[PDB]
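This document contains two forms of one protein chain, each encoded as structure tokens and listed individually as structure 1 and structure 2.
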Structure 1
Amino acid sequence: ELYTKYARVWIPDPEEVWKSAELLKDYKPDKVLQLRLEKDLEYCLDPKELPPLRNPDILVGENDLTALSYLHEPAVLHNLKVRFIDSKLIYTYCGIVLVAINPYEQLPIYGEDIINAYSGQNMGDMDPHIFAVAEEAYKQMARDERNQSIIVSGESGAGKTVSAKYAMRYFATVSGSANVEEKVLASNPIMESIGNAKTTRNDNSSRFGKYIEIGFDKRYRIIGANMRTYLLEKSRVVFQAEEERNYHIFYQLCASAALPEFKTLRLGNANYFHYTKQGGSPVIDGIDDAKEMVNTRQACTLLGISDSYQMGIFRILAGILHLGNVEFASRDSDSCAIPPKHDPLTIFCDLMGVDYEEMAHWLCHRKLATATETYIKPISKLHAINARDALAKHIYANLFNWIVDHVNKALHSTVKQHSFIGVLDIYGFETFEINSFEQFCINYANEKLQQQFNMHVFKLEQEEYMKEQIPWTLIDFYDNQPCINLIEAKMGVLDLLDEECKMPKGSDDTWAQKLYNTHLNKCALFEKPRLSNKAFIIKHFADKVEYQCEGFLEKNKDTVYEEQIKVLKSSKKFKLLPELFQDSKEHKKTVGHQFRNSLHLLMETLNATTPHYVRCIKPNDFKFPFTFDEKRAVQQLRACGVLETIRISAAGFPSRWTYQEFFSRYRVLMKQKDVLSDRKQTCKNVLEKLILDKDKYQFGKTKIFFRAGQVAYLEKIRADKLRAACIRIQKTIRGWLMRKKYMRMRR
């Protein structure tokens, strides 16, 4: 077989995810390979597998991970490693996708001379660089009237902001200009402050999708920018698991309280308020919250939110915090009431300018109206706490929408927007020791984006195959649609969850049991963890992920009793509070349903548009400049879906050669008898001699298309021929010189 003496293979290892080994004895088809390791090992071939071969070294280090003739995990994890460590090249294609690695170190590559260097060049002309994506988006926008998107995905901290910043700097410089980039950059402090959280694995994890769309005029000067947001993680406001925090702004606010402006708010320390307290981790190292507050207000001022409105915003957030402390005493399983003269509610009503006795009444009662007649009826302490928390979530989400709208008012330029290019920062696939409703939603939005990606790539390769006049069916569509139907179809997991909210005496045990009854054996993608009746497993594109049921029915509930809003709109103490709501079914929709709807808006926004993809990875946990760790890298190359992109590309014809470059490599195999001066037909003859099977290569007009493993086989046989020739020559000469010393010895 391909395994021989002088072979090389990758073998798995604990401390670098793969290591090289040289195959010390030729293998014949039985449970053993003798291997030599840069010293000696014997390695079981085990059920069967064979270890992944190692690519011939003329292919390693090139600009494109699909240029490798063996496509598998350790080849990627090798190329990205050598190219990052040795060359200090941080950008690399994987087919369409650009992969970018965070160096944690400044570099000269963003210089303006290079901005000029990329402008006007096609993707073939140059090495990969972010400007080579921006340039393609620009010229496609000009070429063909359609709008263009750029889509950026990675663990937070993998540099999605810096990637966007240099992207838009390309537009500003290439177009000429009007000072947008300064404004857009200056917005980021506040949207980090309201939008990001600490997480078990990360700090300044962003919990929402931020879409920045740069508008161009008919000159293709930059007009200006809009911003939209999707997929905000509302449930974090009221619930955090251990070592998580609430959105930063609550802790910036509480840490500020000693400042005079906030004296009125009566803010305690961050461990006093029930919404900050729960996850038990008030202080982050490497940040001081009290400075970050100042930086937030300074960004608000630069974006032109007046100090009156800023004090409004902080009022409302102190409202949300104080609202959290309200305590309900049950009088019955039917009914609950607030303790008399209970202080948190007194402070909330004073802050918000409403009657203590109205909020006291409406928090604990709900109102139902027939056509003619209306009833006020009490509700249990559970329904009361669910409603208070739904009011907290609904305020926060509206406040977030209002801040985003003021930012837009400062970013817009008042000119017809002829077309736009839009830059999407979104989180990648997520997995922890524990997975919960937030992770479930994040992974479902990634299943949707991954489907869009696959379908676009399939269209592109159909266009290229018609361009080389090759019949299509040879490449075929791998599809994650059955996992999407598993999640979001009717009788899917989300459907059965929204059902279980309204069903009487719903609980996570009866939910898990509904899931098992519906799916347990009927779908290959759903599985039950062997030892638990409270968890379930979904086989997502990246990997299997296990979710606990134990949270979801708390987190998924939104219902907002309209009367509590009609109370808040009556507030006249300050302008902002009615201004938030000013704007019926939405008050019934559960969090999961709002997430689906926000995701449908996003996918329609992107299907309007033609995407380009960027991926970002942290190479290590400790920000060490230009150091790379295989065990984080393989994690993120799964999470970013690159390792299935390559798997999907490995079926089909990933290796492509032009006939001229094919001669330039492989004249050595051909006899001068076999060479015609028709090169294309020469190759059609030769390759059919050399590779037996018409399947494994397609001829086309200007290129040859190869199945993966074949160009490696050609390199093997080329190296063997060239070695055999070297042997013949060197033995001939060395025998002659030995004979010549014998000539001296006779003499």
Structure 2
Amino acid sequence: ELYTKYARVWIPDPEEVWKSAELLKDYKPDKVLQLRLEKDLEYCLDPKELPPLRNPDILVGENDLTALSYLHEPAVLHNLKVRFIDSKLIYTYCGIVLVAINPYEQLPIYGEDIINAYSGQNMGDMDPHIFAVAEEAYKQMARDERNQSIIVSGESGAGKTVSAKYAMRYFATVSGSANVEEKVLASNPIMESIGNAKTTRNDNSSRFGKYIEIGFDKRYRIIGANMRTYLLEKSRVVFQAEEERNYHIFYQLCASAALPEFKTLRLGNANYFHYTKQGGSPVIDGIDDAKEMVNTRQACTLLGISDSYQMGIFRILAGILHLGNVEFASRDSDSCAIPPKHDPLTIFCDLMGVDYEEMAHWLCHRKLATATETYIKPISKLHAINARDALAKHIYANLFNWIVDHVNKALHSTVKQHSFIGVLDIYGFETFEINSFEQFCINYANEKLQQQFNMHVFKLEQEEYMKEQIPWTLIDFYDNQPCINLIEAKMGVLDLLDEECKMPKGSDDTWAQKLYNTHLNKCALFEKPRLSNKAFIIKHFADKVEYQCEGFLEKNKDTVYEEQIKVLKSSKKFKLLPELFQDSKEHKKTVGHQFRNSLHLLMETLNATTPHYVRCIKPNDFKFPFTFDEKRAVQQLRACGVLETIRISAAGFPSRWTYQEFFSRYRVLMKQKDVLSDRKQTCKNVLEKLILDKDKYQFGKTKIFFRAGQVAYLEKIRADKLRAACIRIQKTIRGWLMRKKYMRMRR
């Protein structure tokens, strides 16, 4: 069998996820392996698994992980670890995907001589580099007018921004130029201020998908850029878990409050306001939010938001903060009122230029109109709080869309765009000790993107199998559609959540019960955690994730009363506030439904386009240059779906050889009887002797296709033959030399 003496295997280990061991006595079917370690060990072989076998060293370090014969977690982690630590290469193909490891260090590889070296070269020709993705997109766009996308995924800090930056630097250099790349890089401080938040795991997490379209003219000169955004996390504006912050801009603004300009806003320290206060943690270590404010305003200036509009923006944000302090006294089970002469509401009305008496009325009452007749009626303190928080979320989302449109005015150019290449920076799959409505939305977006990936890769395999004229049936599609239908079908988790929002006396206890009734034993992907009645488990593509119910109904509710908007639209103190709204069912939509719609806009934008994928991984937490941590990296390879991509490729035919290079490698196996001058027929004759099962390989037109094991098996029999020949010859040589020394002993 494959487990012989002097085989090598990976054995699991606590402190680095896998370690190498040499198989010190050959295995026979049962319970024992005698193992030797770079010392001496015995390992229980137990249900069942044999320990993952190890690749022959000729395969280790190659530019494409699918060139490995055994494809499994430790072989992938080893090839990335050697290429990164020993070679200091940071880019590695996996199939179509480019894996990119953050070095936390500057490197020479981005020089324009290398830019020129990559231009015009196909992916086979050159070692992987981000330019090799940009150049592919560029020539695909030239060949066929179809627009191209580049999709960049990973935990924040994995270098997604720098990857996009060098990707567009490539276009600017190869096309020539119109100063787009400077403006686009100058926009990042404001999009990071409005769109990023501290999270329990990470500072400067990005909570939205950012899509930059680089537009080309008929010459493929760079015209200019257009920026879209998707999937904004609205619910963070009003609620945070412990050790999380609100979007950075609120803290940059609060820390600025001592400045002369902002005196009129009456800002306090960041734990005074209810929306900033909740998270527990006002100060990030090692960032000066007061200093960051300056970079924000500077980038506003460079993109040409007038300082009139900048003070408009900071007015609106101080509005949202003061609004959050408005506090309702319940005068009845079904009525509330704002205590007289209320200072938060007095400042909010002063800031926003509205009559105090109208905001004080409309916050506490809601209005219903039959076509002939209108009733004003009170609402409970809970509905008043939910409606104030839906107003704060609606203001923030409209301010965000406005700042994005004023950036787009600076980036657009007047030449008609012939076609574009677009670059999507998006978050990857996410799991924390506690998982909540935010993590549920993020993992559902990632299920959608992972489906669109799997289906693109499957298309490309069907094309390559036609190109080599191999029957398609051998490749099977792996479809996560059942998990998508769990979340988004009718009677899906989001559907029952939007039902429980309107249901009377809905609650997180009764929602969970509706889940268990509908799903619990009807679907394999939904499971209840053994010990709890408040949580549920979804088996996602990457992993099982356990979600707590306890937050979701508060986070899911949006409903914005038209009268509260019409008060703000009536404001005449300053011009930005009516401009934001200028724009009825949408006011009734929940956050989960707004998310599902923004995700369908994103999937329409991408399905129109032909994607190219980049995955970014962050090898260590402490940002040490060129250090790698196996237990950190295995997490991110799991979250980036590299490991499932590899599992899906490990079934099928991952290893592919040109007949020329195969024959060159394995002439040693062939007997001189069976070497024809046609190589292809020799190979067809020989492999059927060397490997028994015609299933284990396919003869393509130009390439031989192998299943995972076979190329390492051929490497084993090659090495063992070459060992026997070496020993036999060298014993002959030693025997001659001792016979010569005996001839001396007679002489």
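Each residue is numbered by where it sits in the sequence of structure 1, with counting from 1. Shifts are known only where both forms have a C-alpha. In this text, the rigid core denotes the largest set of C-alpha atoms whose superposition between the two forms falls within 1.5 Å.
- Taking 2 Å as the criterion, residue 723 does not count as shifted between structure 1 and structure 2: its C-alpha moves by less than this amount when the rigid core is aligned.
- Core superposition gives residue 732 a CA displacement of 1.5 Å between structure 1 and structure 2.
- Comparing between structure 1 and structure 2 on a rigid core frame, one finds that residue 593 has its C-alpha moved by 0.2 Å.
- When the two forms are fitted on their rigid core, the residues between structure 1 and structure 2 that move as a run of three or more, each C-alpha shifted by 2 Å or more, fall solely in 735-747.
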